[PDB]
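File shown: coords.pdb (PDB, C-alpha atoms).
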```
ATOM      1  CA  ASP D   1     -25.172  -9.488 -27.797
ATOM      2  CA  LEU D   2     -22.047 -11.573 -28.115
ATOM      3  CA  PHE D   3     -21.097  -8.323 -26.431
ATOM      4  CA  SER D   4     -22.400  -7.690 -23.009
ATOM      5  CA  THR D   5     -23.873  -4.395 -23.834
ATOM      6  CA  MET D   6     -27.063  -4.285 -21.766
ATOM      7  CA  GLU D   7     -25.167  -5.789 -18.818
ATOM      8  CA  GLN D   8     -22.273  -3.317 -19.180
ATOM      9  CA  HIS D   9     -24.548  -0.296 -19.399
ATOM     10  CA  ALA D  10     -26.633  -1.349 -16.406
ATOM     11  CA  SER D  11     -23.480  -2.064 -14.429
ATOM     12  CA  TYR D  12     -22.151   1.382 -15.312
ATOM     13  CA  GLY D  13     -25.407   2.972 -14.113
ATOM     14  CA  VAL D  14     -25.252   1.055 -10.826
ATOM     15  CA  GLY D  15     -21.748   2.451 -10.334
ATOM     16  CA  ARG D  16     -22.974   5.979 -11.109
ATOM     17  CA  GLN D  17     -25.644   5.776  -8.419
ATOM     18  CA  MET D  18     -22.999   4.676  -5.905
ATOM     19  CA  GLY D  19     -20.630   7.474  -6.986
ATOM     20  CA  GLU D  20     -23.430   9.997  -6.643
ATOM     21  CA  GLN D  21     -24.192   8.713  -3.115
ATOM     22  CA  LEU D  22     -20.549   8.940  -2.112
ATOM     23  CA  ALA D  23     -20.167  12.435  -3.509
ATOM     24  CA  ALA D  24     -23.123  13.452  -1.335
ATOM     25  CA  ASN D  25     -21.946  11.848   1.895
ATOM     26  CA  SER D  26     -18.232  11.126   1.671
ATOM     27  CA  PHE D  27     -15.367  12.249   3.874
ATOM     28  CA  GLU D  28     -12.531  14.614   3.076
ATOM     29  CA  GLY D  29      -9.662  12.591   1.598
ATOM     30  CA  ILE D  30     -11.713   9.616   0.378
ATOM     31  CA  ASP D  31      -9.593   7.655  -2.098
ATOM     32  CA  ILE D  32     -11.565   6.426  -5.085
ATOM     33  CA  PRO D  33      -9.124   3.705  -6.199
ATOM     34  CA  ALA D  34      -9.270   2.168  -2.713
ATOM     35  CA  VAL D  35     -13.070   2.272  -2.742
ATOM     36  CA  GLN D  36     -12.928   0.518  -6.121
ATOM     37  CA  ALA D  37     -10.545  -2.165  -4.800
ATOM     38  CA  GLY D  38     -12.710  -2.800  -1.740
ATOM     39  CA  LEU D  39     -15.815  -3.131  -3.941
ATOM     40  CA  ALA D  40     -14.192  -5.655  -6.290
ATOM     41  CA  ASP D  41     -12.585  -7.702  -3.494
ATOM     42  CA  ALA D  42     -15.818  -7.938  -1.495
ATOM     43  CA  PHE D  43     -17.983  -8.727  -4.498
ATOM     44  CA  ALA D  44     -15.661 -11.591  -5.420
ATOM     45  CA  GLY D  45     -15.681 -12.836  -1.792
ATOM     46  CA  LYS D  46     -11.935 -12.309  -1.523
ATOM     47  CA  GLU D  47     -10.150 -11.836   1.813
ATOM     48  CA  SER D  48     -10.044  -8.178   2.896
ATOM     49  CA  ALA D  49      -6.700  -6.488   2.215
ATOM     50  CA  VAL D  50      -7.222  -4.650   5.515
ATOM     51  CA  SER D  51      -7.921  -6.489   8.767
ATOM     52  CA  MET D  52     -11.274  -5.858  10.442
ATOM     53  CA  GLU D  53      -9.328  -4.377  13.379
ATOM     54  CA  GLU D  54      -7.498  -1.914  11.114
ATOM     55  CA  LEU D  55     -10.761  -1.030   9.360
ATOM     56  CA  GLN D  56     -12.455  -0.172  12.671
ATOM     57  CA  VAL D  57      -9.523   2.015  13.720
ATOM     58  CA  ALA D  58      -9.761   3.854  10.376
ATOM     59  CA  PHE D  59     -13.529   4.324  10.588
ATOM     60  CA  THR D  60     -13.272   5.552  14.159
ATOM     61  CA  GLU D  61     -10.477   8.031  13.301
ATOM     62  CA  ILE D  62     -12.331   9.296  10.228
ATOM     63  CA  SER D  63     -15.711   9.574  11.964
ATOM     64  CA  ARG D  64     -14.338  12.503  13.949
ATOM     65  CA  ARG D  65     -14.585  15.449  11.630
TER      66      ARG D  65
ATOM     67  CA  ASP K   1       0.712  10.314   7.759
ATOM     68  CA  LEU K   2       2.496  11.844   4.811
ATOM     69  CA  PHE K   3       0.808   8.678   3.617
ATOM     70  CA  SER K   4      -2.905   8.612   3.533
ATOM     71  CA  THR K   5      -3.215   5.518   5.543
ATOM     72  CA  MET K   6      -6.317   6.118   7.660
ATOM     73  CA  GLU K   7      -8.068   7.606   4.616
ATOM     74  CA  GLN K   8      -7.037   4.691   2.367
ATOM     75  CA  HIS K   9      -8.158   2.053   4.845
ATOM     76  CA  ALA K  10     -11.511   3.720   5.469
ATOM     77  CA  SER K  11     -12.027   4.138   1.738
ATOM     78  CA  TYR K  12     -11.257   0.454   1.225
ATOM     79  CA  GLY K  13     -13.819  -0.479   3.896
ATOM     80  CA  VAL K  14     -16.468   1.720   2.267
ATOM     81  CA  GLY K  15     -15.822  -0.145  -0.985
ATOM     82  CA  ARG K  16     -16.120  -3.500   0.805
ATOM     83  CA  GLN K  17     -19.548  -2.609   2.170
ATOM     84  CA  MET K  18     -20.685  -1.680  -1.347
ATOM     85  CA  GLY K  19     -19.244  -4.908  -2.801
ATOM     86  CA  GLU K  20     -20.997  -6.916  -0.115
ATOM     87  CA  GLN K  21     -24.309  -5.172  -0.934
ATOM     88  CA  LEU K  22     -23.897  -5.858  -4.634
ATOM     89  CA  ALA K  23     -23.019  -9.494  -4.074
ATOM     90  CA  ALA K  24     -26.272  -9.811  -2.120
ATOM     91  CA  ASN K  25     -28.534  -8.084  -4.627
ATOM     92  CA  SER K  26     -26.827  -7.974  -8.009
ATOM     93  CA  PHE K  27     -27.943  -9.295 -11.376
ATOM     94  CA  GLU K  28     -26.518 -12.141 -13.411
ATOM     95  CA  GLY K  29     -23.779 -10.751 -15.663
ATOM     96  CA  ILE K  30     -22.970  -7.635 -13.617
ATOM     97  CA  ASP K  31     -19.607  -6.294 -14.788
ATOM     98  CA  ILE K  32     -17.425  -5.089 -11.941
ATOM     99  CA  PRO K  33     -15.070  -2.909 -14.016
ATOM    100  CA  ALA K  34     -18.073  -1.017 -15.408
ATOM    101  CA  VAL K  35     -19.486  -0.532 -11.912
ATOM    102  CA  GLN K  36     -16.072   0.821 -10.899
ATOM    103  CA  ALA K  37     -15.971   3.223 -13.872
ATOM    104  CA  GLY K  38     -19.480   4.498 -13.158
ATOM    105  CA  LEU K  39     -18.579   5.079  -9.490
ATOM    106  CA  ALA K  40     -15.433   7.064 -10.314
ATOM    107  CA  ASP K  41     -17.069   9.114 -13.090
ATOM    108  CA  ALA K  42     -20.070  10.055 -10.943
ATOM    109  CA  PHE K  43     -18.013  10.855  -7.868
ATOM    110  CA  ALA K  44     -15.856  13.214  -9.924
ATOM    111  CA  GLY K  45     -18.987  14.814 -11.457
ATOM    112  CA  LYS K  46     -17.912  13.743 -14.933
ATOM    113  CA  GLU K  47     -20.367  13.346 -17.823
ATOM    114  CA  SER K  48     -21.885   9.847 -17.966
ATOM    115  CA  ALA K  49     -20.273   7.598 -20.582
ATOM    116  CA  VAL K  50     -23.770   6.213 -21.209
ATOM    117  CA  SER K  51     -26.719   8.464 -22.035
ATOM    118  CA  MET K  52     -29.604   8.537 -19.560
ATOM    119  CA  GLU K  53     -31.790   7.083 -22.338
ATOM    120  CA  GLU K  54     -29.417   4.146 -22.869
ATOM    121  CA  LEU K  55     -29.172   3.603 -19.107
ATOM    122  CA  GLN K  56     -32.967   3.365 -18.768
ATOM    123  CA  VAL K  57     -33.167   0.869 -21.634
ATOM    124  CA  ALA K  58     -30.484  -1.246 -19.915
ATOM    125  CA  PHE K  59     -32.162  -1.101 -16.506
ATOM    126  CA  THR K  60     -35.521  -1.978 -18.014
ATOM    127  CA  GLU K  61     -34.074  -4.937 -19.976
ATOM    128  CA  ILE K  62     -32.156  -6.208 -16.947
ATOM    129  CA  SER K  63     -35.051  -5.778 -14.508
ATOM    130  CA  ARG K  64     -36.807  -8.664 -16.239
ATOM    131  CA  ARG K  65     -35.237 -11.759 -14.800
TER     132      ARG K  65
END
```

Using C-alpha coordinates, write down the structure that the file contains.
Amino acid sequence: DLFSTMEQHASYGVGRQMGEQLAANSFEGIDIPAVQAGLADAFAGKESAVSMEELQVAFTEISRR
Amino acid sequence: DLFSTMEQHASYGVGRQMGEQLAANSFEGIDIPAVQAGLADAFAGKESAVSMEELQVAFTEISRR
(Lines of atoms letter the chains of each structure in order from A and count residues from 1; the text may use other names and numbers.)
(Lines give C-alpha, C1' and ligand atoms only; values in the text may rest on other atoms or scores of the structure.)
Protein backbone atom coordinates (compact mmCIF):
# COMPACT_ATOMS: atom_id res chain seq x y z
CA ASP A 1 0.00 0.00 0.00
CA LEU A 2 2.78 2.35 0.99
CA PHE A 3 4.02 0.25 -1.90
CA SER A 4 2.45 0.75 -5.22
CA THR A 5 1.61 -2.82 -5.72
CA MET A 6 -1.74 -2.73 -7.52
CA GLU A 7 -0.46 0.13 -9.70
CA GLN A 8 2.81 -1.70 -10.49
CA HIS A 9 1.08 -4.94 -11.40
CA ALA A 10 -1.48 -3.23 -13.62
CA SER A 11 1.27 -1.22 -15.28
CA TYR A 12 3.22 -4.42 -15.91
CA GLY A 13 0.14 -6.02 -17.50
CA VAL A 14 -0.39 -2.99 -19.75
CA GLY A 15 3.20 -3.39 -20.92
CA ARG A 16 2.64 -7.11 -21.56
CA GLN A 17 -0.32 -6.40 -23.83
CA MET A 18 1.81 -3.93 -25.80
CA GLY A 19 4.70 -6.42 -26.04
CA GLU A 20 2.31 -9.10 -27.24
CA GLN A 21 0.95 -6.73 -29.92
CA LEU A 22 4.44 -5.85 -31.09
CA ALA A 23 5.53 -9.47 -31.23
CA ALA A 24 2.54 -10.11 -33.50
CA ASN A 25 3.06 -7.20 -35.86
CA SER A 26 6.62 -5.93 -35.53
CA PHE A 27 9.35 -5.55 -38.13
CA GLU A 28 12.59 -7.45 -38.47
CA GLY A 29 15.26 -5.65 -36.43
CA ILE A 30 12.93 -3.82 -34.03
CA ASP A 31 14.99 -2.61 -31.08
CA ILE A 32 13.21 -3.02 -27.76
CA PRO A 33 15.30 -0.53 -25.76
CA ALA A 34 14.51 2.17 -28.33
CA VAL A 35 10.81 1.35 -28.18
CA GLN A 36 11.06 1.65 -24.39
CA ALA A 37 12.83 5.04 -24.63
CA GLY A 38 10.25 6.38 -27.08
CA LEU A 39 7.41 5.24 -24.80
CA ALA A 40 8.87 6.92 -21.71
CA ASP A 41 9.81 10.15 -23.52
CA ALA A 42 6.37 10.52 -25.11
CA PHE A 43 4.47 9.67 -21.95
CA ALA A 44 6.40 12.34 -20.06
CA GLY A 45 5.77 14.86 -22.88
CA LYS A 46 9.49 15.20 -23.51
CA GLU A 47 10.93 16.39 -26.83
CA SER A 48 11.48 13.53 -29.29
CA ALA A 49 15.11 12.38 -29.49
CA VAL A 50 14.50 11.89 -33.22
CA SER A 51 13.15 14.67 -35.43
CA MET A 52 9.76 14.11 -37.07
CA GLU A 53 11.56 14.28 -40.44
CA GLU A 54 14.01 11.53 -39.43
CA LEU A 55 11.15 9.43 -38.03
CA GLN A 56 9.24 9.61 -41.33
CA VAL A 57 12.34 8.60 -43.30
CA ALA A 58 12.78 5.61 -40.96
CA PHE A 59 9.13 4.55 -41.18
CA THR A 60 9.16 4.87 -44.95
CA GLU A 61 12.39 2.83 -45.28
CA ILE A 62 11.13 0.15 -42.89
CA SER A 63 7.65 -0.08 -44.44
CA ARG A 64 9.23 -1.69 -47.49
CA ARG A 65 9.72 -5.29 -46.54
CA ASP B 1 24.37 0.75 -41.62
CA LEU B 2 26.70 -1.43 -39.61
CA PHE B 3 24.68 0.65 -37.18
CA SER B 4 21.04 -0.03 -36.91
CA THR B 5 20.02 3.48 -37.50
CA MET B 6 16.83 3.17 -39.54
CA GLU B 7 15.69 0.32 -37.27
CA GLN B 8 16.51 2.28 -34.09
CA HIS B 9 14.71 5.40 -35.25
CA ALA B 10 11.61 3.50 -36.34
CA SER B 11 11.60 1.59 -33.07
CA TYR B 12 11.84 4.86 -31.16
CA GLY B 13 8.87 6.25 -33.12
CA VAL B 14 6.81 3.13 -32.39
CA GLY B 15 7.52 3.68 -28.70
CA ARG B 16 6.50 7.35 -28.98
CA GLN B 17 3.12 6.42 -30.43
CA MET B 18 2.56 4.01 -27.53
CA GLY B 19 3.63 6.63 -24.98
CA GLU B 20 1.29 9.15 -26.55
CA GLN B 21 -1.59 6.63 -26.35
CA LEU B 22 -0.87 5.90 -22.71
CA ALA B 23 -0.64 9.57 -21.81
CA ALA B 24 -4.11 9.99 -23.32
CA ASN B 25 -5.77 7.03 -21.62
CA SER B 26 -3.68 5.95 -18.64
CA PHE B 27 -4.59 5.63 -14.98
CA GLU B 28 -3.40 7.69 -12.05
CA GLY B 29 -0.24 6.09 -10.66
CA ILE B 30 0.81 4.22 -13.82
CA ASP B 31 4.45 3.19 -13.43
CA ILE B 32 6.45 3.62 -16.62
CA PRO B 33 9.34 1.29 -15.70
CA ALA B 34 6.85 -1.52 -15.05
CA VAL B 35 5.14 -0.88 -18.38
CA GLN B 36 8.58 -1.06 -20.00
CA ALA B 37 9.40 -4.36 -18.24
CA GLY B 38 6.08 -5.90 -19.25
CA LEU B 39 6.63 -4.84 -22.88
CA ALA B 40 10.12 -6.35 -23.06
CA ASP B 41 9.16 -9.58 -21.27
CA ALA B 42 6.11 -10.17 -23.48
CA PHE B 43 7.90 -9.32 -26.70
CA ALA B 44 10.62 -11.83 -25.86
CA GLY B 45 7.98 -14.46 -24.96
CA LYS B 46 9.27 -14.63 -21.40
CA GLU B 47 7.14 -15.86 -18.48
CA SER B 48 5.11 -13.04 -16.88
CA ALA B 49 6.65 -11.71 -13.66
CA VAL B 50 3.07 -11.37 -12.38
CA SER B 51 0.63 -14.28 -12.39
CA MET B 52 -2.48 -13.94 -14.56
CA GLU B 53 -4.53 -14.11 -11.34
CA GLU B 54 -2.60 -11.22 -9.78
CA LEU B 55 -2.88 -9.23 -13.02
CA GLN B 56 -6.68 -9.60 -13.07
CA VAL B 57 -6.93 -8.49 -9.43
CA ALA B 58 -4.83 -5.41 -10.28
CA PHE B 59 -6.85 -4.54 -13.38
CA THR B 60 -10.11 -4.97 -11.50
CA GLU B 61 -8.93 -2.78 -8.59
CA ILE B 62 -7.59 -0.10 -10.94
CA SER B 63 -10.65 -0.10 -13.21
CA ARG B 64 -12.62 1.50 -10.39
CA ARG B 65 -11.74 5.15 -10.54

Result set of the PyMOL selection byres ((chain D and resi 40) around 12) on the coordinates above, as a CSV table (one decimal) with C-alpha atoms, in the frame of the given file:
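And here's expr_29.csv as it stands now:
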```
chain,number,residue,atom,x,y,z
D,15,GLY,CA,-21.7,2.5,-10.3
D,33,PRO,CA,-9.1,3.7,-6.2
D,34,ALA,CA,-9.3,2.2,-2.7
D,35,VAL,CA,-13.1,2.3,-2.7
D,36,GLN,CA,-12.9,0.5,-6.1
D,37,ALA,CA,-10.5,-2.2,-4.8
D,38,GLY,CA,-12.7,-2.8,-1.7
D,39,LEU,CA,-15.8,-3.1,-3.9
D,41,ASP,CA,-12.6,-7.7,-3.5
D,42,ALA,CA,-15.8,-7.9,-1.5
D,43,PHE,CA,-18.0,-8.7,-4.5
D,44,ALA,CA,-15.7,-11.6,-5.4
D,45,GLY,CA,-15.7,-12.8,-1.8
D,46,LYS,CA,-11.9,-12.3,-1.5
D,47,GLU,CA,-10.2,-11.8,1.8
D,48,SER,CA,-10.0,-8.2,2.9
D,49,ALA,CA,-6.7,-6.5,2.2
K,12,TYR,CA,-11.3,0.5,1.2
K,13,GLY,CA,-13.8,-0.5,3.9
K,14,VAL,CA,-16.5,1.7,2.3
K,15,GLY,CA,-15.8,-0.1,-1.0
K,16,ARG,CA,-16.1,-3.5,0.8
K,17,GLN,CA,-19.5,-2.6,2.2
K,18,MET,CA,-20.7,-1.7,-1.3
K,19,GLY,CA,-19.2,-4.9,-2.8
K,20,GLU,CA,-21.0,-6.9,-0.1
K,21,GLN,CA,-24.3,-5.2,-0.9
K,22,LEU,CA,-23.9,-5.9,-4.6
K,23,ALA,CA,-23.0,-9.5,-4.1
K,30,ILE,CA,-23.0,-7.6,-13.6
K,31,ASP,CA,-19.6,-6.3,-14.8
K,32,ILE,CA,-17.4,-5.1,-11.9
K,33,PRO,CA,-15.1,-2.9,-14.0
K,34,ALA,CA,-18.1,-1.0,-15.4
K,35,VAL,CA,-19.5,-0.5,-11.9
K,36,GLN,CA,-16.1,0.8,-10.9
K,37,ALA,CA,-16.0,3.2,-13.9
```

Q | For residue D:64: contacts at 12 Å, all atoms listed in the file, fewer than 5 positions along chain excluded, given as a list in words | A | residues 27, 28, 57, 58 and 59 of chain D

For the reference chain K, what are the coordinates of chain D after least-squares fitting (all Cα, in-order pairing), as a PDB file with C-alpha atoms, keeping the file's coordinate frame?
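Final output, superposed-v7.pdb:
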```
ATOM      1  CA  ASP D   1       0.712  10.314   7.758  1.00  0.00           C
ATOM      2  CA  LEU D   2       2.497  11.845   4.811  1.00  0.00           C
ATOM      3  CA  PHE D   3       0.809   8.678   3.618  1.00  0.00           C
ATOM      4  CA  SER D   4      -2.906   8.612   3.533  1.00  0.00           C
ATOM      5  CA  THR D   5      -3.215   5.518   5.543  1.00  0.00           C
ATOM      6  CA  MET D   6      -6.317   6.118   7.660  1.00  0.00           C
ATOM      7  CA  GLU D   7      -8.068   7.606   4.616  1.00  0.00           C
ATOM      8  CA  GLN D   8      -7.037   4.691   2.367  1.00  0.00           C
ATOM      9  CA  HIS D   9      -8.158   2.053   4.845  1.00  0.00           C
ATOM     10  CA  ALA D  10     -11.511   3.720   5.469  1.00  0.00           C
ATOM     11  CA  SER D  11     -12.027   4.137   1.738  1.00  0.00           C
ATOM     12  CA  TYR D  12     -11.257   0.454   1.225  1.00  0.00           C
ATOM     13  CA  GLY D  13     -13.819  -0.479   3.895  1.00  0.00           C
ATOM     14  CA  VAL D  14     -16.468   1.720   2.267  1.00  0.00           C
ATOM     15  CA  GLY D  15     -15.823  -0.145  -0.985  1.00  0.00           C
ATOM     16  CA  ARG D  16     -16.121  -3.501   0.804  1.00  0.00           C
ATOM     17  CA  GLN D  17     -19.548  -2.609   2.170  1.00  0.00           C
ATOM     18  CA  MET D  18     -20.685  -1.679  -1.347  1.00  0.00           C
ATOM     19  CA  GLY D  19     -19.244  -4.908  -2.800  1.00  0.00           C
ATOM     20  CA  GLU D  20     -20.998  -6.916  -0.115  1.00  0.00           C
ATOM     21  CA  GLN D  21     -24.309  -5.173  -0.934  1.00  0.00           C
ATOM     22  CA  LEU D  22     -23.897  -5.857  -4.634  1.00  0.00           C
ATOM     23  CA  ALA D  23     -23.019  -9.495  -4.074  1.00  0.00           C
ATOM     24  CA  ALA D  24     -26.271  -9.811  -2.119  1.00  0.00           C
ATOM     25  CA  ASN D  25     -28.534  -8.084  -4.627  1.00  0.00           C
ATOM     26  CA  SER D  26     -26.827  -7.974  -8.009  1.00  0.00           C
ATOM     27  CA  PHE D  27     -27.942  -9.295 -11.376  1.00  0.00           C
ATOM     28  CA  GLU D  28     -26.518 -12.141 -13.411  1.00  0.00           C
ATOM     29  CA  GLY D  29     -23.779 -10.751 -15.663  1.00  0.00           C
ATOM     30  CA  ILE D  30     -22.970  -7.636 -13.617  1.00  0.00           C
ATOM     31  CA  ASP D  31     -19.608  -6.294 -14.787  1.00  0.00           C
ATOM     32  CA  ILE D  32     -17.425  -5.089 -11.941  1.00  0.00           C
ATOM     33  CA  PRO D  33     -15.070  -2.909 -14.016  1.00  0.00           C
ATOM     34  CA  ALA D  34     -18.073  -1.017 -15.408  1.00  0.00           C
ATOM     35  CA  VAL D  35     -19.486  -0.532 -11.912  1.00  0.00           C
ATOM     36  CA  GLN D  36     -16.071   0.820 -10.898  1.00  0.00           C
ATOM     37  CA  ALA D  37     -15.970   3.223 -13.872  1.00  0.00           C
ATOM     38  CA  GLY D  38     -19.480   4.499 -13.157  1.00  0.00           C
ATOM     39  CA  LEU D  39     -18.579   5.079  -9.490  1.00  0.00           C
ATOM     40  CA  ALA D  40     -15.432   7.064 -10.314  1.00  0.00           C
ATOM     41  CA  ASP D  41     -17.069   9.114 -13.090  1.00  0.00           C
ATOM     42  CA  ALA D  42     -20.070  10.054 -10.943  1.00  0.00           C
ATOM     43  CA  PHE D  43     -18.013  10.856  -7.868  1.00  0.00           C
ATOM     44  CA  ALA D  44     -15.856  13.214  -9.925  1.00  0.00           C
ATOM     45  CA  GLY D  45     -18.987  14.815 -11.457  1.00  0.00           C
ATOM     46  CA  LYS D  46     -17.912  13.743 -14.933  1.00  0.00           C
ATOM     47  CA  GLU D  47     -20.367  13.346 -17.823  1.00  0.00           C
ATOM     48  CA  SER D  48     -21.885   9.847 -17.967  1.00  0.00           C
ATOM     49  CA  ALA D  49     -20.273   7.598 -20.583  1.00  0.00           C
ATOM     50  CA  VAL D  50     -23.770   6.213 -21.209  1.00  0.00           C
ATOM     51  CA  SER D  51     -26.719   8.464 -22.035  1.00  0.00           C
ATOM     52  CA  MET D  52     -29.604   8.538 -19.561  1.00  0.00           C
ATOM     53  CA  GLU D  53     -31.790   7.084 -22.338  1.00  0.00           C
ATOM     54  CA  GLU D  54     -29.416   4.146 -22.869  1.00  0.00           C
ATOM     55  CA  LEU D  55     -29.172   3.603 -19.107  1.00  0.00           C
ATOM     56  CA  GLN D  56     -32.966   3.365 -18.768  1.00  0.00           C
ATOM     57  CA  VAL D  57     -33.167   0.869 -21.634  1.00  0.00           C
ATOM     58  CA  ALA D  58     -30.484  -1.246 -19.916  1.00  0.00           C
ATOM     59  CA  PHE D  59     -32.162  -1.101 -16.506  1.00  0.00           C
ATOM     60  CA  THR D  60     -35.521  -1.979 -18.013  1.00  0.00           C
ATOM     61  CA  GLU D  61     -34.075  -4.937 -19.976  1.00  0.00           C
ATOM     62  CA  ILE D  62     -32.156  -6.209 -16.946  1.00  0.00           C
ATOM     63  CA  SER D  63     -35.052  -5.778 -14.508  1.00  0.00           C
ATOM     64  CA  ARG D  64     -36.807  -8.664 -16.239  1.00  0.00           C
ATOM     65  CA  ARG D  65     -35.236 -11.759 -14.800  1.00  0.00           C
TER      66      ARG D  65
END
```

Q: Measure the distance from atom CA of residue K:9 to atom CA of residue K:24 in Å and round it to one decimal.
A: 22.7 Å

Q. With distances taken over all atoms listed in the file, which of D:1, D:55, D:63, D:26 is nearest to chain K?
A.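 The closest residue to chain K is D:55.
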
Q: Record the distance separating atom CA of residue K:7 and atom CA of residue D:29, expressed in Å with one decimal.
A: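 Computing it gives 6.0 Å between the two atoms.
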
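Relative to atom CA of residue D:3, atom CA of residue K:53 is found at 19.2 Å.
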
**Q.** Option closest in space to chain D, from K:52, K:25, K:6, K:60 [counting all atoms listed in the file]
**A.** K:6

Q) Using all atoms listed in the file, which of D:51, D:4, D:11, D:56 sits nearest chain K? A)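 For chain K, the nearest of the given residues is D:11.
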